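Have a look at entry38.txt below; it lists compact mmCIF, C-alpha atoms.
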```
# COMPACT_ATOMS: atom_id res chain seq x y z
CA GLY Z 14 20.42 184.23 254.46
CA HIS Z 15 16.68 184.37 254.24
CA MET Z 16 15.68 187.11 256.59
CA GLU Z 17 12.23 186.54 258.10
CA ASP Z 18 14.21 185.72 261.25
CA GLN Z 22 22.51 185.11 261.86
CA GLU Z 23 21.76 181.58 263.01
CA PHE Z 24 23.12 179.59 260.09
CA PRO Z 25 26.58 181.05 260.73
CA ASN Z 26 25.69 180.23 264.33
CA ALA Z 27 24.67 176.61 263.63
CA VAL Z 28 27.99 175.94 261.90
CA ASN Z 29 29.95 177.27 264.87
CA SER Z 30 28.21 174.91 267.27
CA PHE Z 31 28.52 172.08 264.72
CA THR Z 32 32.27 172.70 264.60
CA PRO Z 33 33.29 171.42 268.06
CA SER Z 34 30.97 168.43 267.69
CA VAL Z 35 32.75 167.56 264.46
CA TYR Z 36 36.21 168.15 265.95
CA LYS Z 37 35.41 165.80 268.86
CA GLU Z 38 34.45 163.05 266.44
CA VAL Z 39 37.39 163.51 264.06
CA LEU Z 40 39.79 163.28 267.01
CA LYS Z 41 38.71 159.67 267.51
CA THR Z 42 40.27 158.56 264.24
CA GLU Z 43 43.00 161.20 263.89
CA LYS Z 44 46.01 160.58 266.15
CA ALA Z 45 48.19 163.58 265.28
CA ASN Z 46 47.59 166.71 263.23
CA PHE Z 47 44.32 167.20 261.43
CA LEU Z 48 42.26 169.74 259.49
CA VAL Z 49 38.49 169.64 258.98
CA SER Z 50 35.77 171.89 257.53
CA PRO Z 51 32.53 171.29 259.40
CA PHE Z 52 31.09 174.22 257.45
CA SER Z 53 31.80 172.80 253.99
CA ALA Z 54 30.62 169.31 254.93
CA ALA Z 55 27.48 171.00 256.28
CA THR Z 56 26.69 172.70 252.97
CA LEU Z 57 27.13 169.41 251.09
CA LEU Z 58 24.92 167.51 253.49
CA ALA Z 59 22.35 170.31 253.12
CA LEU Z 60 22.42 169.70 249.34
CA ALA Z 61 21.85 166.02 250.05
CA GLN Z 62 19.08 166.89 252.51
CA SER Z 63 17.26 168.78 249.79
CA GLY Z 64 16.94 165.60 247.72
CA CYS Z 65 15.71 163.56 250.68
CA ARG Z 66 12.21 163.16 252.09
CA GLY Z 67 10.27 162.40 255.24
CA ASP Z 68 12.18 161.37 258.32
CA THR Z 69 15.40 161.01 256.28
CA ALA Z 70 15.52 164.69 255.33
CA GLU Z 71 14.18 165.73 258.73
CA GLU Z 72 16.98 163.97 260.61
CA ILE Z 73 19.66 165.75 258.57
CA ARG Z 74 17.84 168.98 259.40
CA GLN Z 75 17.81 168.10 263.11
CA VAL Z 76 21.55 167.43 263.24
CA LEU Z 77 22.54 170.48 261.24
CA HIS Z 78 20.31 172.17 263.82
CA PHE Z 79 19.31 173.96 260.62
CA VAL Z 80 16.05 175.87 260.06
CA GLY Z 81 12.72 174.33 259.04
CA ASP Z 82 11.64 176.27 255.97
CA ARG Z 83 13.21 175.31 252.63
CA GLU Z 84 13.32 178.79 251.12
CA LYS Z 85 15.12 179.81 254.30
CA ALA Z 86 17.60 176.94 254.47
CA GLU Z 87 18.41 177.31 250.77
CA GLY Z 88 18.59 181.09 250.90
CA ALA Z 89 20.71 181.00 254.03
CA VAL Z 90 23.29 178.61 252.59
CA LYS Z 91 23.24 180.52 249.32
CA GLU Z 92 24.24 183.73 251.13
CA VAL Z 93 27.19 182.34 253.11
CA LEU Z 94 28.65 180.53 250.09
CA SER Z 95 28.45 183.63 247.89
CA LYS Z 96 30.49 185.66 250.40
CA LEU Z 97 33.36 183.19 250.85
CA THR Z 98 34.61 184.74 247.60
CA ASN Z 99 36.52 187.96 248.24
CA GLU Z 100 39.06 190.10 246.44
CA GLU Z 101 41.46 189.44 249.31
CA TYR Z 102 40.89 185.70 249.82
CA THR Z 103 39.34 182.61 248.22
CA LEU Z 104 37.84 179.35 249.39
CA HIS Z 105 38.25 176.65 246.71
CA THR Z 106 35.81 173.75 246.88
CA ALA Z 107 35.10 170.78 244.67
CA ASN Z 108 31.88 169.32 246.01
CA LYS Z 109 29.98 166.68 244.10
CA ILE Z 110 27.30 164.07 244.57
CA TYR Z 111 27.98 161.09 242.32
CA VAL Z 112 25.02 158.75 241.77
CA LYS Z 113 24.70 155.10 240.62
CA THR Z 114 24.18 155.07 236.80
CA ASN Z 115 21.01 153.02 237.08
CA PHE Z 116 19.18 156.01 238.49
CA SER Z 117 19.41 159.13 236.31
CA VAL Z 118 19.89 162.25 238.41
CA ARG Z 119 16.86 164.55 238.25
CA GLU Z 120 17.85 167.66 236.30
CA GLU Z 121 16.18 169.73 239.03
CA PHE Z 122 18.71 168.43 241.58
CA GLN Z 123 21.71 169.05 239.35
CA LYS Z 124 20.43 172.59 239.02
CA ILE Z 125 19.98 173.30 242.71
CA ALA Z 126 23.45 171.86 243.38
CA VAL Z 127 24.95 174.52 241.13
CA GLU Z 128 22.61 177.44 241.78
CA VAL Z 129 22.34 177.16 245.57
CA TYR Z 130 24.89 174.83 247.18
CA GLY Z 131 28.08 175.41 245.19
CA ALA Z 132 28.32 171.76 244.20
CA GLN Z 133 27.20 169.51 241.38
CA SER Z 134 25.71 166.07 240.82
CA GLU Z 135 26.45 163.44 238.20
CA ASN Z 136 25.79 159.78 237.35
CA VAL Z 137 28.71 157.38 237.43
CA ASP Z 138 29.13 153.64 237.07
CA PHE Z 139 30.55 152.31 240.33
CA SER Z 140 30.75 148.79 238.82
CA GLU Z 141 34.27 149.35 237.54
CA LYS Z 142 35.82 150.39 240.86
CA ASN Z 143 39.05 151.93 239.59
CA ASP Z 144 37.59 153.84 236.65
CA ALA Z 145 34.98 155.33 238.97
CA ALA Z 146 37.58 156.35 241.55
CA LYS Z 147 39.83 157.80 238.84
CA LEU Z 148 36.93 159.70 237.28
CA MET Z 149 35.90 161.30 240.58
CA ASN Z 150 39.51 162.06 241.54
CA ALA Z 151 40.32 163.58 238.16
CA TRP Z 152 37.33 165.88 238.49
CA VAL Z 153 38.52 166.93 241.95
CA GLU Z 154 42.00 167.61 240.56
CA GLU Z 155 40.77 169.78 237.68
CA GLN Z 156 38.59 171.72 240.15
CA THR Z 157 41.36 172.25 242.72
CA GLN Z 158 44.19 173.08 240.29
CA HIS Z 159 45.64 169.60 240.91
CA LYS Z 160 46.30 170.54 244.56
CA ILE Z 161 44.06 167.74 245.87
CA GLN Z 162 44.72 164.27 244.56
CA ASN Z 163 43.45 160.76 245.16
CA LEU Z 164 40.49 161.82 247.25
CA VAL Z 165 38.55 158.60 246.58
CA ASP Z 166 40.27 155.36 247.51
CA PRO Z 167 38.78 152.87 245.04
CA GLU Z 168 38.66 150.29 247.83
CA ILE Z 169 35.70 152.15 249.40
CA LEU Z 170 33.62 151.41 246.32
CA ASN Z 171 31.57 148.23 245.98
CA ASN Z 172 28.61 146.54 244.33
CA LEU Z 173 26.37 148.45 246.75
CA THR Z 174 27.80 151.95 246.18
CA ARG Z 175 24.72 154.11 245.50
CA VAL Z 176 25.51 157.73 246.42
CA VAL Z 177 28.91 159.22 247.15
CA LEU Z 178 29.44 162.74 248.54
CA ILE Z 179 32.80 164.19 247.59
CA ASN Z 180 34.05 167.32 249.42
CA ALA Z 181 37.50 168.70 248.61
CA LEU Z 182 38.66 172.16 249.63
CA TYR Z 183 41.42 174.50 250.67
CA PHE Z 184 41.68 178.17 251.59
CA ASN Z 185 43.86 180.96 250.22
CA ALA Z 186 44.52 184.15 252.20
CA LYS Z 187 47.13 186.81 252.92
CA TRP Z 188 48.25 187.94 256.37
CA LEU Z 189 47.25 191.54 257.04
CA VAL Z 190 50.69 191.76 258.64
CA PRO Z 191 52.99 189.13 257.12
CA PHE Z 192 55.96 187.55 258.91
CA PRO Z 193 59.46 188.68 257.80
CA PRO Z 194 61.15 185.55 256.36
CA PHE Z 195 64.62 186.77 257.30
CA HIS Z 196 63.70 186.18 260.94
CA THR Z 197 62.42 182.67 260.29
CA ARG Z 198 64.57 180.07 262.05
CA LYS Z 199 64.66 176.56 263.51
CA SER Z 200 63.40 176.61 267.12
CA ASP Z 201 62.20 174.30 269.90
CA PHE Z 202 58.74 172.81 269.59
CA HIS Z 203 57.68 170.71 272.55
CA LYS Z 204 55.41 167.84 271.53
CA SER Z 205 55.34 167.16 275.27
CA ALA Z 206 57.53 167.79 278.30
CA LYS Z 207 59.98 164.96 277.59
CA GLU Z 208 60.40 165.42 273.81
CA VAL Z 209 61.53 168.46 271.80
CA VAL Z 210 62.18 169.21 268.13
CA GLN Z 211 63.70 171.95 265.97
CA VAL Z 212 61.31 173.26 263.34
CA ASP Z 213 60.99 176.35 261.16
CA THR Z 214 59.43 179.13 263.20
CA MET Z 215 58.31 182.61 262.12
CA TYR Z 216 58.51 185.76 264.25
CA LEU Z 217 56.45 188.95 264.43
CA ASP Z 218 57.06 191.54 267.15
CA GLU Z 219 55.31 194.54 268.68
CA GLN Z 220 52.05 194.07 266.75
CA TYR Z 221 48.56 194.79 268.06
CA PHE Z 222 46.45 191.65 267.64
CA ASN Z 223 43.26 190.44 269.23
CA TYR Z 224 44.30 188.62 272.36
CA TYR Z 225 42.58 186.91 275.27
CA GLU Z 226 43.48 185.05 278.43
CA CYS Z 227 40.83 182.43 279.19
CA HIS Z 228 41.07 181.60 282.88
CA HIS Z 229 38.61 178.70 282.89
CA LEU Z 230 40.58 177.10 280.06
CA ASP Z 231 44.02 178.02 281.37
CA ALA Z 232 44.95 179.01 277.84
CA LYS Z 233 45.66 182.05 275.70
CA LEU Z 234 43.95 182.86 272.40
CA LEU Z 235 45.37 184.94 269.60
CA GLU Z 236 43.58 185.98 266.44
CA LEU Z 237 45.86 186.61 263.47
CA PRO Z 238 44.14 188.79 260.85
CA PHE Z 239 43.96 187.99 257.16
CA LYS Z 240 43.40 190.64 254.53
CA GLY Z 241 39.71 191.18 253.89
CA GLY Z 242 38.47 190.34 257.37
CA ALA Z 243 39.20 186.61 257.65
CA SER Z 244 41.34 185.36 260.54
CA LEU Z 245 43.36 182.45 261.95
CA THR Z 246 42.80 181.87 265.66
CA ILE Z 247 45.30 179.87 267.76
CA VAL Z 248 44.18 178.41 271.08
CA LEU Z 249 47.31 177.86 273.15
CA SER Z 250 47.23 176.07 276.49
CA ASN Z 251 49.31 177.69 279.23
CA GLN Z 252 50.92 174.35 280.00
CA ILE Z 253 53.08 172.40 277.53
CA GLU Z 254 50.88 169.28 277.62
CA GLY Z 255 47.53 171.02 278.08
CA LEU Z 256 45.89 170.09 274.75
CA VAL Z 257 43.85 167.07 275.88
CA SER Z 258 42.49 169.29 278.63
CA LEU Z 259 41.33 171.78 276.00
CA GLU Z 260 39.79 168.92 274.06
CA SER Z 261 37.90 167.64 277.07
CA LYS Z 262 36.45 171.15 277.03
CA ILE Z 263 36.39 171.48 273.23
CA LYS Z 264 33.12 173.41 273.29
CA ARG Z 265 34.58 176.29 275.29
CA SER Z 266 37.61 176.51 273.01
CA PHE Z 267 35.56 177.52 269.95
CA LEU Z 268 33.20 179.88 271.75
CA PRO Z 269 33.58 183.57 270.83
CA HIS Z 270 35.46 185.62 273.43
CA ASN Z 271 35.89 189.28 274.35
CA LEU Z 272 39.12 189.60 272.38
CA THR Z 273 40.84 192.98 272.55
CA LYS Z 274 43.87 194.34 270.72
CA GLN Z 275 46.96 193.96 272.90
CA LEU Z 276 50.61 194.54 272.07
CA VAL Z 277 52.12 191.13 271.51
CA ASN Z 278 55.04 189.20 270.09
CA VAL Z 279 54.22 186.05 268.16
CA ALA Z 280 56.24 182.93 267.46
CA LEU Z 281 54.37 180.69 265.03
CA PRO Z 282 55.85 177.60 263.40
CA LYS Z 283 55.16 177.09 259.75
CA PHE Z 284 52.93 174.09 259.21
CA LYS Z 285 51.25 172.04 256.53
CA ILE Z 286 48.43 169.59 257.15
CA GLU Z 287 46.52 167.25 254.84
CA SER Z 288 43.45 165.39 256.07
CA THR Z 289 40.90 162.98 254.66
CA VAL Z 290 37.77 162.67 256.78
CA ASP Z 291 35.07 160.01 256.71
CA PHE Z 292 32.04 162.18 257.41
CA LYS Z 293 29.63 159.21 257.38
CA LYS Z 294 31.32 157.99 260.55
CA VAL Z 295 31.12 161.51 261.99
CA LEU Z 296 27.49 162.16 261.03
CA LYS Z 297 26.32 158.79 262.34
CA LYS Z 298 27.48 159.70 265.85
CA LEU Z 299 25.72 163.07 265.51
CA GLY Z 300 22.29 161.73 264.58
CA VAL Z 301 22.07 161.03 260.85
CA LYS Z 302 21.01 157.38 260.57
CA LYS Z 303 18.17 156.93 258.06
CA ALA Z 304 20.02 158.38 255.08
CA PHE Z 305 22.73 155.70 255.35
CA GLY Z 306 20.41 152.70 255.65
CA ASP Z 307 17.36 150.85 254.33
CA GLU Z 308 14.76 153.38 255.45
CA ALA Z 309 16.57 155.96 253.33
CA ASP Z 310 14.62 158.26 251.08
CA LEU Z 311 16.72 160.04 248.46
CA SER Z 312 13.90 160.09 245.88
CA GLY Z 313 14.54 163.80 245.34
CA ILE Z 314 17.87 162.87 243.81
CA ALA Z 315 16.82 159.91 241.65
CA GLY Z 316 14.75 156.75 241.68
CA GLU Z 317 12.13 155.83 244.25
CA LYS Z 318 12.42 155.50 248.01
CA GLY Z 319 15.00 152.91 249.06
CA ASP Z 320 16.75 152.81 245.67
CA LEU Z 321 19.56 155.07 246.88
CA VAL Z 322 21.32 155.53 250.20
CA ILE Z 323 24.30 157.69 251.04
CA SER Z 324 27.14 155.20 250.71
CA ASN Z 325 30.14 157.40 251.51
CA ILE Z 326 30.96 160.97 252.53
CA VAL Z 327 34.56 161.95 252.04
CA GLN Z 328 36.19 165.28 252.82
CA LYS Z 329 39.75 166.07 251.88
CA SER Z 330 41.50 169.34 252.60
CA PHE Z 331 44.89 170.87 253.33
CA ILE Z 332 46.38 174.02 254.79
CA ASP Z 333 49.85 175.38 254.23
CA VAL Z 334 50.86 178.13 256.63
CA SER Z 335 53.81 180.33 255.77
CA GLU Z 336 55.17 183.88 256.05
CA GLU Z 337 52.75 185.52 253.58
CA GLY Z 338 49.67 183.60 254.73
CA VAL Z 339 48.02 180.33 253.77
CA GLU Z 340 48.61 178.71 250.39
CA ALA Z 341 50.50 181.91 249.53
CA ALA Z 342 53.52 181.98 247.21
CA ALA Z 343 56.67 183.65 248.56
CA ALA Z 344 56.46 187.36 247.68
CA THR Z 345 58.82 190.17 248.75
CA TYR Z 346 58.09 192.75 251.44
CA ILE Z 347 59.54 195.37 253.78
CA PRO Z 348 58.11 197.46 256.66
CA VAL Z 349 59.26 200.58 258.53
CA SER Z 359 57.15 194.89 277.19
CA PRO Z 360 54.73 192.98 274.86
CA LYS Z 361 52.46 190.07 275.73
CA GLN Z 362 54.12 186.80 274.66
CA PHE Z 363 52.38 184.35 272.31
CA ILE Z 364 54.95 181.65 271.66
CA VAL Z 365 53.39 178.70 269.89
CA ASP Z 366 55.95 176.07 270.84
CA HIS Z 367 53.77 173.17 271.93
CA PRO Z 368 50.55 171.54 270.58
CA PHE Z 369 47.64 173.85 269.78
CA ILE Z 370 44.17 174.11 268.24
CA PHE Z 371 43.54 176.57 265.40
CA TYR Z 372 40.59 177.71 263.33
CA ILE Z 373 39.89 179.97 260.39
CA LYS Z 374 36.91 182.35 260.60
CA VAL Z 375 35.26 184.45 257.95
CA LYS Z 376 32.73 187.05 259.08
CA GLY Z 377 32.22 185.36 262.44
CA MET Z 378 31.85 181.95 260.82
CA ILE Z 379 34.31 179.11 261.40
CA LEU Z 380 35.47 177.69 258.04
CA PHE Z 381 38.23 175.29 259.14
CA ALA Z 382 39.37 173.86 262.46
CA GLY Z 383 42.19 171.54 263.45
CA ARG Z 384 45.19 170.87 265.59
CA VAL Z 385 48.93 170.48 265.47
CA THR Z 386 50.52 168.05 267.94
CA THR Z 387 53.60 167.29 265.85
CA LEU Z 388 56.00 169.13 263.53
CA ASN Z 389 59.32 168.32 261.85
```
Starting from the coordinates I provided, produce the structure as structure tokens.
Amino acid sequence: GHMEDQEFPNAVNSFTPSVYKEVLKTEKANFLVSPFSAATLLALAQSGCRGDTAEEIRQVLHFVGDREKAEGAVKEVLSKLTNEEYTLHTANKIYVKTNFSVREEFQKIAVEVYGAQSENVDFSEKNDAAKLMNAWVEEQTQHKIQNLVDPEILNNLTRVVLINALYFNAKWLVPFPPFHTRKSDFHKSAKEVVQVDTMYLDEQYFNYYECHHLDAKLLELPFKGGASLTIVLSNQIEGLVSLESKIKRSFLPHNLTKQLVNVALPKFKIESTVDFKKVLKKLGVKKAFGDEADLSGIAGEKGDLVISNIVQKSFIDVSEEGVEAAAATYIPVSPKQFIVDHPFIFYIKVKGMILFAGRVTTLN
């Protein structure tokens, strides 16, 4: 990012499993989360904070000290997540209590550096505020993400709200042939099975790895432009919890090599809404949410504003052409087996950086 001494891409990757472990606590089935995107929003917040407040956020993001560096670093990653071959869509905003006019300097850095914006809003009228924020999110996500803010979360004390909506769009480098898509067994556990739409791709060379410590297999499915979707598949039907007790190892980079493989991957769609205040509190951000809070870089004086809520909403829709891809039309000219037919972890990487992570434990 800024080069005097990458370790921002690296900080996100270590942040990722910590976030996953927290989200698990409240999510009981499938989920999707972007630790990366949340991280860039919180970094925006951090820039408007001061003293121990801002320093804490820095500590938890295990982000770098210098502000030209932090800002430059985040500015670089965000600029690259726009490709000819794939696009990350984000609607990130920091809405602030009307009483305290947002400093123009902060609204500017939001746009110029952190791919977000900031705006004053009256939280008094709960439902108008909610609608306003949600309508903005809809316009910015082509109406794909709706009702992000539940007006019930708003109250007389709402001071600063972080909104973080996103979704990813990419094409498989080697798409699945839809003719071969069929209903097949998916084992949610030993005792229960279901029939769900499953896609099939044979005799392809994909990055593959057998992790012996984890008793799992890993497969990296390539997107056009260098992005990828990585599945972490336990060798045993009910082995997911095990992988989650060792969640750190599951996201670590491995010596993946191209092996000849057949793949059976269910189609899946997931929508998640994540309370990142809850997450960040367990990870070490305390001051910014309470009385000692210092958001004077955003507006007002110390103690006027606190971060009241942090809400991420995202979805993923996995199909034959890729993710959030419309049905096109295509034709082409003793393999390892990668049959994804029980619960698994997945994650999307771009240029070595994890963008999204999640799990599927249930399908229909």
With only C-alpha atoms as the counted atoms, please give the residues lying no more than 8 Å from residue 106 in chain Z, apart from itself and same-chain residues fewer than 6 positions off, as number ranges by chain.
Z: 156-157, 180-183
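Each of Z:367, Z:298, Z:37, Z:142 was compared to residue 204 in chain Z using all atoms listed in the file, and Z:367 turns out to be the nearest.
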Using all atoms listed in the file, find the one residue out of Z:243, Z:272, Z:364, Z:48 that sits nearest to residue 201 in chain Z.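 The closest residue to residue 201 in chain Z is Z:364.
Residues in contact range of residue 240 in chain Z, defined as at most 12 Å between only C-alpha atoms, with sequence neighbours fewer than 4 positions away removed, read residues 99, 100, 101, 102, 103, 185, 186, 187, 188, 189, 190, 191, 244, 245, 337, 338, 339 and 375 of chain Z.
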Just to be explicit: take each residue in the selection above, keep C-alpha atoms, and write the result as a tab-separated table (two decimals), in the coordinates of the input.
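Final output, result35.tsv:
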```
chain	number	residue	atom	x	y	z
Z	99	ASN	CA	36.52	187.96	248.24
Z	100	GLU	CA	39.06	190.10	246.44
Z	101	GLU	CA	41.46	189.44	249.31
Z	102	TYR	CA	40.89	185.70	249.82
Z	103	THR	CA	39.34	182.61	248.22
Z	185	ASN	CA	43.86	180.96	250.22
Z	186	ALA	CA	44.52	184.15	252.20
Z	187	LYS	CA	47.13	186.81	252.92
Z	188	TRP	CA	48.25	187.94	256.37
Z	189	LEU	CA	47.25	191.54	257.04
Z	190	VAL	CA	50.69	191.76	258.64
Z	191	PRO	CA	52.99	189.13	257.12
Z	244	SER	CA	41.34	185.36	260.54
Z	245	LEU	CA	43.36	182.45	261.95
Z	337	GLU	CA	52.75	185.52	253.58
Z	338	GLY	CA	49.67	183.60	254.73
Z	339	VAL	CA	48.02	180.33	253.77
Z	375	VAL	CA	35.26	184.45	257.95
```
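The protein and nucleic acid residues lying at most 12 Å from residue 118 in chain Z are residues 64, 110, 111, 112, 113, 114, 122, 123, 124, 125, 126, 133, 134, 135, 136, 137, 175, 176, 311, 312, 313, 314, 315, 316, 317 and 321 of chain Z, with all atoms listed in the file considered and sequence neighbours fewer than 4 positions away removed.
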For residue 56 in chain Z, the nearest of the candidates Z:132, Z:127, Z:153, Z:277, counting all atoms listed in the file =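 Of the candidates, the smallest distance to residue 56 in chain Z is held by Z:132.
The space between CA of residue 128 in chain Z and CA of residue 75 in chain Z spans 23.8 Å.
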Select range 253-271 of chain Z in the preceding structure and write N, CA, C and O atoms to a file as an mmCIF file, in the first residue's frame.
```cif
data_model
loop_
_atom_site.group_PDB
_atom_site.id
_atom_site.type_symbol
_atom_site.label_atom_id
_atom_site.label_comp_id
_atom_site.auth_asym_id
_atom_site.auth_seq_id
_atom_site.Cartn_x
_atom_site.Cartn_y
_atom_site.Cartn_z
ATOM 1 N N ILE Z 253 -17.954 -37.027 7.063
ATOM 2 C CA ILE Z 253 -19.235 -36.357 6.853
ATOM 3 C C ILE Z 253 -19.516 -35.253 7.872
ATOM 4 O O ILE Z 253 -19.974 -34.171 7.505
ATOM 5 N N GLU Z 254 -19.247 -35.528 9.146
ATOM 6 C CA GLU Z 254 -19.624 -34.613 10.221
ATOM 7 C C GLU Z 254 -18.425 -33.862 10.785
ATOM 8 O O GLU Z 254 -18.453 -33.431 11.937
ATOM 9 N N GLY Z 255 -17.382 -33.697 9.975
ATOM 10 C CA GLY Z 255 -16.130 -33.136 10.452
ATOM 11 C C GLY Z 255 -16.000 -31.619 10.535
ATOM 12 O O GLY Z 255 -14.915 -31.113 10.816
ATOM 13 N N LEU Z 256 -17.087 -30.885 10.309
ATOM 14 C CA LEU Z 256 -17.013 -29.419 10.267
ATOM 15 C C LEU Z 256 -16.616 -28.768 11.596
ATOM 16 O O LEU Z 256 -15.688 -27.953 11.644
ATOM 17 N N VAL Z 257 -17.330 -29.113 12.665
ATOM 18 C CA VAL Z 257 -17.017 -28.582 13.989
ATOM 19 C C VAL Z 257 -15.533 -28.740 14.290
ATOM 20 O O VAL Z 257 -14.890 -27.824 14.810
ATOM 21 N N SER Z 258 -14.996 -29.907 13.954
ATOM 22 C CA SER Z 258 -13.576 -30.176 14.120
ATOM 23 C C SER Z 258 -12.754 -29.108 13.417
ATOM 24 O O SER Z 258 -11.784 -28.594 13.973
ATOM 25 N N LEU Z 259 -13.136 -28.788 12.187
ATOM 26 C CA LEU Z 259 -12.408 -27.794 11.403
ATOM 27 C C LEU Z 259 -12.541 -26.426 12.035
ATOM 28 O O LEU Z 259 -11.663 -25.579 11.891
ATOM 29 N N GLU Z 260 -13.650 -26.218 12.735
ATOM 30 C CA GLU Z 260 -13.942 -24.928 13.339
ATOM 31 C C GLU Z 260 -13.261 -24.787 14.691
ATOM 32 O O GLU Z 260 -12.996 -23.681 15.151
ATOM 33 N N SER Z 261 -12.962 -25.914 15.320
ATOM 34 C CA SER Z 261 -12.182 -25.888 16.544
ATOM 35 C C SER Z 261 -10.742 -25.568 16.179
ATOM 36 O O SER Z 261 -9.971 -25.084 17.015
ATOM 37 N N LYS Z 262 -10.399 -25.816 14.917
ATOM 38 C CA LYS Z 262 -9.085 -25.462 14.377
ATOM 39 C C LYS Z 262 -9.200 -24.437 13.241
ATOM 40 O O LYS Z 262 -8.455 -24.499 12.255
ATOM 41 N N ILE Z 263 -10.116 -23.482 13.402
ATOM 42 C CA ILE Z 263 -10.462 -22.542 12.336
ATOM 43 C C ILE Z 263 -9.270 -21.788 11.757
ATOM 44 O O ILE Z 263 -9.250 -21.429 10.576
ATOM 45 N N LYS Z 264 -8.274 -21.547 12.598
ATOM 46 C CA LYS Z 264 -7.074 -20.830 12.194
ATOM 47 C C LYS Z 264 -6.355 -21.582 11.072
ATOM 48 O O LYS Z 264 -6.002 -21.013 10.035
ATOM 49 N N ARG Z 265 -6.143 -22.873 11.288
ATOM 50 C CA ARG Z 265 -5.443 -23.698 10.309
ATOM 51 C C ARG Z 265 -6.183 -23.730 8.971
ATOM 52 O O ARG Z 265 -5.565 -23.743 7.910
ATOM 53 N N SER Z 266 -7.510 -23.715 9.026
ATOM 54 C CA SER Z 266 -8.311 -23.858 7.813
ATOM 55 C C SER Z 266 -8.152 -22.701 6.820
ATOM 56 O O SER Z 266 -8.392 -22.870 5.627
ATOM 57 N N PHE Z 267 -7.755 -21.528 7.300
ATOM 58 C CA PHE Z 267 -7.630 -20.368 6.413
ATOM 59 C C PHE Z 267 -6.190 -20.096 5.997
ATOM 60 O O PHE Z 267 -5.937 -19.374 5.029
ATOM 61 N N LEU Z 268 -5.256 -20.687 6.735
ATOM 62 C CA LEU Z 268 -3.845 -20.628 6.383
ATOM 63 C C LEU Z 268 -3.615 -21.015 4.933
ATOM 64 O O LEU Z 268 -4.290 -21.894 4.403
ATOM 65 N N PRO Z 269 -2.656 -20.349 4.285
ATOM 66 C CA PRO Z 269 -2.244 -20.689 2.921
ATOM 67 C C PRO Z 269 -1.524 -22.037 2.914
ATOM 68 O O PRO Z 269 -0.780 -22.351 3.849
ATOM 69 N N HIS Z 270 -1.755 -22.832 1.878
ATOM 70 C CA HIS Z 270 -1.143 -24.152 1.792
ATOM 71 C C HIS Z 270 -0.425 -24.337 0.464
ATOM 72 O O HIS Z 270 -0.665 -23.593 -0.490
ATOM 73 N N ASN Z 271 0.453 -25.335 0.411
ATOM 74 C CA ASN Z 271 1.197 -25.652 -0.802
ATOM 75 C C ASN Z 271 0.317 -26.345 -1.829
ATOM 76 O O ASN Z 271 0.513 -27.524 -2.134
#
```
